[PDB]
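In what follows, a single structure is set out as structure tokens and then discussed.
Chains as they are written, first to last, in the entry's author numbering: chain B, 2 to 312, 325 to 470; chain E, 2 to 318, 325 to 470.
Right, dumping it as structure tokens:
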């Protein structure tokens with residue numbers, strides 16, 4: 002068998018993109034509840050009805066049926082986030098919200114009842130809007146304390162219910178989305194590289210602190226980082242392009258080097274001097290970062306990029334999707350090998366998928382479904398490359414397909430662009446039945462999981 | 002300043018490519034005394050007068066004068082190998098040859114007399130002939146034993162005179178050159194890939210063992226691996242070419258990984274299975290490899306290379328890089344490739360790097376200048392070195408840790424490849440020619456004074 006018998010197959014969501022029930026059971030507002038237009042859109046002073054995340058897909062109530070469908074595909078793993086605000090609504094409460102904790106007790110219980118290991122992202126783009134409003138988010142060192150309090154609460158609570166944790170979904174996404182990712186409510190054109198990198202610093206130190214705390218709580222925990230995998234290729238053999246490509250990749254590598262190796266990499270210094278970035282270390286920081294590093298690295302993969310020294326080219330060898338994104342399956346083998354060569358720790362692919370405009374329609378068997386064979390094709394190809402990476406000896410813990418059940422997108426907060434193996438009937442305008450339907454890819458994915466990948470050949 | 006105060010500036014040779022005196026003071030035959038056409042050429046049954054290595058440049062005698070020239074340049078480091086056959090003429094002797102030990106004693110003593118730290122390659126393509134014929138070289142596990150005795154003798158004898166050691170010069174070179182590097186007596190069609198890789202395994206084990214020993218003898222020894230640096234670039238952004246390029250680099254990375262990381266790399270399992278290679282481990286091997294890894298990595302750099310998943314589509318190349332200049336001799340020139348490779352190595356390993364072989368081969372014409380001094384005007388070597396060292400400087404600013412730089416063949420020597428003097432690397436011209444004619448007189452090339460200004464400014468004159 003090519004895939005290891007212990008391989009974790011599954012799907013991944015973030016809480017705010019499915020759950021809904023934004024005001025229920027003590028939940029405080031998150032930054033998402035003010036983001037009707039998504040990561041790329043502006044914010045509203047207060048939540049508004051056009052925001053699809055208030056209802057979501059109603060996973061908060063429907064998780065039992067949805068989870069039954071996961072069990073139907075055979076997921077032995079399911080990734081999601083524990084929403085920070087259902088636990089600490091303002092974020093500064095001395096005491097946790099208990100209804101919030103009980104909901105997740107129930108979720109993890111259903112999961113384990115079906116043979117499904119949860120994988121929990123502690124912070125996936127949903128910061129208490131109170132913390133964001135008051136402190137301007139991760140720009141402020143105080144955030145560490147709050148996050149610590151949050152993490153300690155849940156690690157301690159689920160300590161026997163959840164083995165796999167992730168500290169942050171992409172610490173560096175703070176660069177392109179300060180408010181959505183770091184909860185930084187200050188206008189983007191008023192944020193200097195210094196404030197951004199300082200914020201990410203606070204995130205990384207917190208990641209370490211929480212890793213420590215994690216290990217003290219239970220030693221069987223696995224604490225991974227989560228990072229955006231984007232392999233870069235030189236436009237030409239001209240060594241100036243090859244070096245430009247190298248520098249491009251360091252922007253990303255900078256953060257995983259801290260997560261994994263426990264210190265700012267050698268090139269950082271140069272970059273900082275050139276960018277007017279001087280990090281401010283609290284006395285405890287270096288030892289925290291150094292002594293507590295991730296046990297594994299997880300990542301999202303979608304595409305590669307082609308680079309040039311020339312004063325973001327479109328790669329002539331790559332296919333495109335219906336959405337007009339460039340598809341690169343071999344890029345997944347490449348970045349797997351590159352990360353594994355650099356770090357020598359287990360890898361986890363926690364976000365992958367093909368976004369499409371799927372339409373629900375009656376098949377020849379009269380069943381309402383989606384003929385998503387494009388998504389079957391996409392997943393096939395990517396997983397064949399995963400299998401190549403396994404043969405190269407890369408250590409790969411598992412694969413969670415993104416938006417395994419259709420969810421509200423992060424970028425635009427829309428349901429139109431669907432990644433799911435399970436179609437949810439709700440639309441951008443908010444209308445619909447909320448019924449779930451098997452996509453054609455549901456069955457196929459089922460077969461890949463039950464054969465532990467053998468069906469791929 | 003940009004270069005660190007303790008940076009090591011110097012030049013490098015191999016003992017057999019310079020020393021001469023092939024038979025003197027008890028010295029046994031190496032594999033090289035029977036290689037008159039070099040490593041690409043074929044062996045004879047006995048040494049022959051047309052072998053340029055027999056007399057070399059006679060560094061054995063004139064070493065004091067040449068070292069005077071070095072010190073004139075301001076070398077604080079000089080790299081060479083201890084010729085194995087001068088210590089153990091056969092290699093199986095119970096006691097070492099005192100004449101050889103005393104010879105290198107005086108060598109290191111002159112070097113230190115001028116403030117030049119020796120950098121010693123323990124094995125540089127010098128394997129004693131007795132061992133190469135009798136055991137067929139590294140194909141036989143016993144070589145470890147013979148290497149260890151030898152190594153232990155010198156580490157012990159030089160423990161106060163020598164800080165920096167290299168175990169081997171390119172273990173993987175055994176792949177192309179079984180006899181020259183590996184001392185492997187068996188012909189080419191008779192060697193499988195299993196055999197060559199097994200030999201390499203013996204080399205790596207030996208390297209570890211010798212690191213253990215060295216650490217026991219002197220805790221201040223810096224011990225390092227020597228490797229060929231060849232950065233590869235894809236011909237196009239096609240991810241197939243990018244994967245091909247990756248695969249190619251793994252061929253070189255395999256060995257650096259065993260040396261530095263201490264075990265065969267994850268991609269090796271697939272490569273060996275696909276190539277019918279199965280490494281026989283002695284019970285203690287893995288823990289030796291794992292527990293004793295190098296303190297630093299040194300490499301030689303000359304050129305980059307270009308790869309494609311479908312090379313026959315280019316109808317030439325292999326793979327010529329459309330963007331690089333070529334040397335008169337016909338090698339492509341890629342100074343930025345030095346920065347690229349320094350960075351790739353440091354990104355992977357995170358240990359100090361040492362550039363121990365770099366230079367420009369050319370056919371140098373000795374002529375009288377306007378001042379009536381006989382020189383070589385090599386502005387091309389000055390430009391090659393300037394560009395390469397500026398890139399070294401960029402890598403230094405990238406935060407790469409680099410111990411030093413030693414210009415290859417800093418005084419013209421006998422090429423390893425063809426065993427010839429016409430292709431000259433040196434800052435110091437030696438008058439001897441492919442035939443064996445000439446004074447064997449030495450002359451400062453124009454590049455001599457330049458490299459002097461560089462070394463004495465600690466790189467600041469590069470800018």
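Heads up, the beta-carbon is just placed ideally off N, CA and C, and yes, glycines get one too.
Measure the C-alpha to C-alpha separation of residue i and residue j and round it to an integer number of angstroms.
i              : j              : result
residue 419(B) : residue 2(B)   : 31 Å
residue 312(E) : residue 348(B) : 24 Å
residue 363(B) : residue 271(B) : 32 Å
residue 359(B) : residue 228(B) : 14 Å
residue 399(B) : residue 345(B) : 7 Å
residue 457(B) : residue 71(B)  : 13 Å
residue 517(B) : residue 66(B)  : Absent from the structure is residue 517(B), since the part of chain B shown begins at 2 and ends at 470.
residue 61(E)  : residue 447(E) : 13 Å
residue 303(B) : residue 338(B) : 9 Å
residue 179(B) : residue 31(B)  : 14 Å
residue 28(E)  : residue 396(E) : 38 Å
residue 451(B) : residue 69(B)  : 12 Å
residue 411(E) : residue 7(E)   : 9 Å
residue 235(B) : residue 17(E)  : 42 Å
residue 21(E)  : residue 145(E) : 27 Å
residue 335(B) : residue 256(E) : 45 Å
Could you name the residues that DSSP lists as bridge partners for residue i?
i              : result
residue 323(B) : This model leaves out residue 323(B); its place in chain B lies between 312 and 325, and no residues are given there.
residue 56(E)  : DSSP lists no partner for residue 56(E).
residue 333(E) : 339(E)
residue 471(E) : Missing from the structure shown is residue 471(E); chain E here goes from 2 to 470 and no further.
residue 230(E) : 302(E)
residue 449(B) : 437(B)
residue 431(B) : 369(B)
residue 188(B) : Note: residue 188(B) sits in no beta bridge, so no partner.
residue 88(B)  : In the DSSP output, where bridge partners are listed per residue, residue 88(B) has none listed.
Tell me which same chain residues have a C-beta within less than 7 Å of the C-beta of residue i, skipping the five on either side of it?
i              : result
residue 445(B) : 438, 439
residue 441(B) : 427, 428, 429
Whose C-beta lies closer than 6 Å to the C-beta of residue i among residues of the same chain, with five residues either side of it excluded?
i              : result
residue 384(B) : 453
residue 367(E) : 388, 391
residue 296(B) : 223, 224
residue 211(E) : 152, 168
residue 140(B) : 185, 196, 200
For residue i, does the count of other Cβ atoms within 10 angstroms reach 16, so buried, or fall short, so exposed?
i              : result
residue 97(B)  : buried
residue 264(E) : exposed
residue 370(E) : exposed
residue 277(B) : exposed
residue 116(B) : exposed
residue 89(B)  : buried
residue 460(E) : exposed
residue 269(E) : buried
residue 292(E) : exposed
residue 155(E) : buried
residue 54(B)  : buried
So, helix, strand or coil for residue i, using DSSP?
i              : result
residue 121(E) : strand
residue 248(B) : helix
residue 313(B) : Because chain B is numbered 312 and then 325 with no intervening positions, residue 313(B) cannot be located in this model.
residue 183(E) : coil
residue 49(B)  : coil
residue 218(B) : helix
residue 80(E)  : strand
residue 74(B)  : helix
residue 109(E) : helix
residue 362(B) : strand
residue 466(B) : coil
residue 265(B) : coil
residue 344(E) : helix
residue 444(E) : coil
residue 225(B) : strand
residue 164(E) : coil
Members of the region 387-408 of chain E that neighbour chain D once the beta carbon cut-off is set at 7 Å = Any reference to chain D falls outside this structure, whose protein chains are B and E.
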